[PDB]
Amino acid sequence: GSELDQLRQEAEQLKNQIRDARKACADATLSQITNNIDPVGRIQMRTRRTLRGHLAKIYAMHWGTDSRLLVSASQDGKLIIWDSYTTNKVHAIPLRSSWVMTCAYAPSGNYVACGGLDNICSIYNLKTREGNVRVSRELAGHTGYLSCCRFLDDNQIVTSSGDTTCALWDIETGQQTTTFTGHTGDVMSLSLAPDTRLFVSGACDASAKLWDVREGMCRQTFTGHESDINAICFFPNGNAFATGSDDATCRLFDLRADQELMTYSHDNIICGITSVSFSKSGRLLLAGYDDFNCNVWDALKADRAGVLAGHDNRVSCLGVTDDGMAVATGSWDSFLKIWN
Amino acid sequence: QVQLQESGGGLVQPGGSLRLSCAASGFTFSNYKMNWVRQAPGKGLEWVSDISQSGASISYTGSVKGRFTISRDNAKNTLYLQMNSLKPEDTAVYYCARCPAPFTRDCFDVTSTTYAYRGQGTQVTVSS
Amino acid sequence: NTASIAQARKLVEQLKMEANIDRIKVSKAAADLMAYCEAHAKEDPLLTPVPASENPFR
Amino acid sequence: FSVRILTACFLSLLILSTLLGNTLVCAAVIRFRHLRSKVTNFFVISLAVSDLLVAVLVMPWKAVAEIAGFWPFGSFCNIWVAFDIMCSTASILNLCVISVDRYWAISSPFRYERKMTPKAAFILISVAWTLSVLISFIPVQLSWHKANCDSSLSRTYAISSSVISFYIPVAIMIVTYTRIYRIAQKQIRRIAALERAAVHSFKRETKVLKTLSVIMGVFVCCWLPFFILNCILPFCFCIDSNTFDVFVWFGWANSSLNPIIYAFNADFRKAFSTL
Amino acid sequence: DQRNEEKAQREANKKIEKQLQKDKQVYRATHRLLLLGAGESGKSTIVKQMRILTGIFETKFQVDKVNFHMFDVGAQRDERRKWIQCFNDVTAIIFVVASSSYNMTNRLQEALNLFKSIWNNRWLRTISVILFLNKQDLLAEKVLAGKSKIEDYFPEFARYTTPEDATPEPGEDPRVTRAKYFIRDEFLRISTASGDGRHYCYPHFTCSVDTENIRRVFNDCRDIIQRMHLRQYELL
Ligand SMILES: C[C@H]1c2cccc(CCC(C)(C)O)c2C[C@H](CO)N1C(=O)Cc1c(Cl)cccc1Cl
Ligand SMILES: CC(C)CCC[C@@H](C)[C@H]1CC[C@H]2[C@@H]3CC=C4C[C@@H](O)CC[C@]4(C)[C@H]3CC[C@]12C
Ligand SMILES: NCCc1ccc(O)c(O)c1
């Protein structure tokens, strides 16, 4: 009788059961062991290398594993592959579509990912023998704006498009090996775990669903946020991850806890977050807010360790090097401030 | 978690009164521009009313302008839509769609189905 | 309506697959998070102020 | 210093305010990039640098001479007159180039963004500065500023320099800001055709008339009373060089106000607070 | 090495800088345009009436040596709270609204809330909107046929009349111009409600005449960069 309402109430009681199971293992929080370790203080990082080569607003960026070559996306149709050590542009990829929203550096440095409102993930070859940069694979199977994507290897990547579905692509042939379905809202950002076996993607439903690359199914669902999760980054330990949504709060979820542990909230900041990254140790949560300033949130002390000056427009892209050497912050002013 | 349950509704006479109680839990209800949308059988999701984060910017659609009345309760975290002088065309499942970005006077919760911060939907229908 | 039936079936299957997991204590979760953080803090150039000697940015 | 201390402190505070505004604009456009990447702001940068020059190597010597009675660096009076004419006509030509750039941006904004490239902005700035050069350094090196070393421009060259240093600029600076007013009030009428019709005017139509009276009227009310005497005094009831010195400072007073007039936009005021 | 790969990387950076300066000329020369509507609001006709131009994703047209980048969005999803933020550096937001769709659904109020969200946005607040009241040829007979009235979905029509500063079309019922301009002022009521001065609506009655609609975009985009530069110099 009333299979629609029956399944709705079954989902409701399952949600209550999951919430009760979360609260059962939530006898304490991350803010209750704050009297056991020393704080970090207000450390103000400075712009070490300034990257001014973009024409339109910089919407996406990604660091390389060498922590030297960083790529960045902008609405001008250019994918500038910077060199953070010498402040040089290694490549300027002419993009097919002007508006692009995603950027992903290959773990080997040979490939790069792009895409946006075109619903097409344009993979470009970096170390190719053809001289300039050309397209390597045209991953066109999404029906929404490709918000963010990450590079597992030079063979398969995962993209979070605006069609409420993520998908593990394949650079070899160009088809979705497995589609990550389950997001009720358009997915805005995904993050790869250091183990690269599973990933979590933050969508516009305040639910950063944890997926598994191997089985292609949704592992967990983290419904602790309140607005569109535009940023996400997996804790360097691999069992946790932070999220940046439009509700002006960041939350550090844990895969082994299936709930939020830390709430990076501050009444002085009311703008949303679209840039989240962790340091080498995960203590500093680089969170790029929409007030033109990035707050270096302490993942264990519930406070920012000093906001980031410089950028005068919304920072929609931010990443920390694989060794935590520096963090390149790119905002909507066509600039990339690399902090250290 | 963002979750919106609207109590009330049902089958009433055209021209009477009706009031929906939209339970807004899981977010700072006093910081989001919460609004009301409906979806008539055979029609898409149509915006009905809207109210600011504190209760200043109150607006309604033309079909309910003067008839309905929205009122937010920031103390109880509840959004109300006092429907008065009902019409035969008010037979729709009214949703409690919420603006996603807080502290903003803009949002796109009038779009098609599968909206994140939207109520579950109460079938508010009238006779004739 | 069958579209809503399929959507509710997908949601209830996801909730079933999410409920039958090993959710560890948030105490132990924060414990191992703090342990990893303090273990990797010695090689974090952003956490502790790194001098301009080995830092190729300053 | 009892009766002369008033004008002494006046000249000193004028120099200090000029230097302060000029170095503030310079630091805001060299430190930050939201005031240097714009092609329009290059002309404001050039005006601020010309005002810095008038405040470091023109106004200091003229002020210490006025507050001392004598003239320091007596062997350098020719090069000081050169610097003075240079910085004056450079300020006027930078105001002229700002006005003509704004006129290009208002009349033909598409042609402005297609033609007014940063290369063209540098070309326009160099044209203004080389006009200043050929107006000041070349005539002084050939001694065209003569007919206790006062600036007495030769009537043959004063009517030829001030006409192209100020009058030709102020003639075209009038029409560019007037054509701006005609197009700005045309758009304001189109705004009132849409804004007043939406609620169904002169509150904003007087803002452009007020803002043009600061970017042109203040420039006219400051430099013209000096240049109207810079063309009559060499011709000669005119006024003596004693009271003419006050009008000379009234001209350089506009160089003190240019950071308050042209660097008063919301983009420039953002970097002024942080610096 | 020391100057083998360092100087080579610097030369590559210089070549990339030259290419980027060459592309910046065309980037600032062309004006990106956002073409969107409330769903089948006649935007297909605007794509057709724009240089007669990978389907409906982006069209480029050039008038008076001024190229444009009219980006269509007829292939995205319904939720438009994130991809619309990518149009923050866009020059104009051409909102193609079916002016005769106030009942068929109440697409005007759907477009009003779309316009209100575009107008009062956090990123689209510095960008004007070229309001294209499309489907006007159907509005020329929609109010007289009785199949679609204004009062059933807009009670403010009884308190509205044809403005004195209006330019009615020769040969139209004053009830049509009263309804056509009510939709214009309905979008303008929420447009001028912002009061920021950084962006103003450009309401045009589209699909009524088959003239060059890009010429209307050109004259609007000309005033867009005009008032943007006028606002830059505090002249408006
Ligand atoms: C904008 C106008 C102007 C307007 C006012 C003043 C000046 C010179 C500076 C001055 C000291 C006179 O104030 C200029 C020069 C400039 C540049 O030559 N130009 C011009 O029209 C020259 C020109 C260009 Cl760019 C392009 C195509 C045809 C032509 Cl003809
Ligand atoms: C010596 C006498 C003749 C005066 C010389 C004029 C000097 C002060 C002027 C003339 C041209 C000017 C330059 C023109 C363009 C630019 C580019 C801008 O991004 C920074 C300032 C800079 C670099 C200017 C600095 C000041 C400058 C060098
Ligand atoms: N100190 C003003 C002296 C001056 C300034 C500009 C001129 O064009 C000129 O002939 C003389």
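The count begins at 1 with the first shown residue.
This entry, so its header tells us, was determined using electron microscopy, 3.1 Å.
Cβ from N, Cα, C; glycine included.
In the three-state DSSP scheme, A:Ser2 (phosphoserine) falls into the coil class. Neighbour density for A:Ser2 (phosphoserine): within 10 A of its CB lie 8 other CB atoms from the protein chains shown. Per Swiss-Prot, the feature phosphoserine maps to A:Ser2.
The N-acetylserine feature in Swiss-Prot is assigned to A:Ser2.
Shown for the repeat 'WD 1' (A:46-94): DSSP residue counts in helix, strand and coil, namely 0 helix, 30 strand, 19 coil. The feature repeat 'WD 1' is assigned by Swiss-Prot to A:46-94.
Here Swiss-Prot flags A:95-140 as repeat 'WD 2', drawing on experimental evidence.
The annotation repeat 'WD 3' is assigned in Swiss-Prot to A:141-181. Under 8 Å from some Cβ of the repeat 'WD 3' (A:141-181) lie the Cβ atoms of residues 60, 62, 101-108, 110-113, 115-121, 123, 187-192, 196, 199, 201, 203, 209, 211, 213, 216-218, all in the same chain and six or more residues away from its ends.
Among the features that Swiss-Prot reports, repeat 'WD 4' is placed at A:182-223, with the record citing experimental evidence.
Counting same-chain residues at least six beyond the ends of the repeat 'WD 5' (A:224-267), those with a Cβ under 8 angstroms from any Cβ of the stretch are 18, 21-23, 25-26, 29-31, 185, 188-195, 198-208, 210, 273-282, 285, 287-289, 295, 297, 299-300, 302-304, 316, 318. Residues or ranges marked as repeat 'WD 5' in Swiss-Prot: A:224-267.
Per Swiss-Prot, phosphohistidine is recorded for A:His266. According to DSSP, A:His266 (phosphohistidine) is assigned to coil rather than to any helix or strand.
Annotation comment: Swiss-Prot describes A:268-309 as repeat 'WD 6', evidence class experimental evidence.
The annotation repeat 'WD 7' is assigned in Swiss-Prot to A:310-340. Outside the repeat 'WD 7' (A:310-340) by six or more residues, the chain places 45-52, 54-65, 67, 70, 72-74, 76, 82, 84, 103, 230-231, 271, 274-281, 286-290, 292-294 with a CB less than 8 A from a CB of the stretch.
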(message) Let's see if you can do this one: DSSP helix, strand and coil counts over the repeat 'WD 7' (A:310-340), in that order.
(response) 0 helix, 12 strand, 19 coil
(request) Could you round the CA separation between A:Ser2 (phosphoserine) and A:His266 (phosphohistidine) to a whole angstrom and send it over? (result) 45
(request) Tally every other Cβ atom lying within 10 Å of the Cβ atom of A:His266 (phosphohistidine). (result) 16
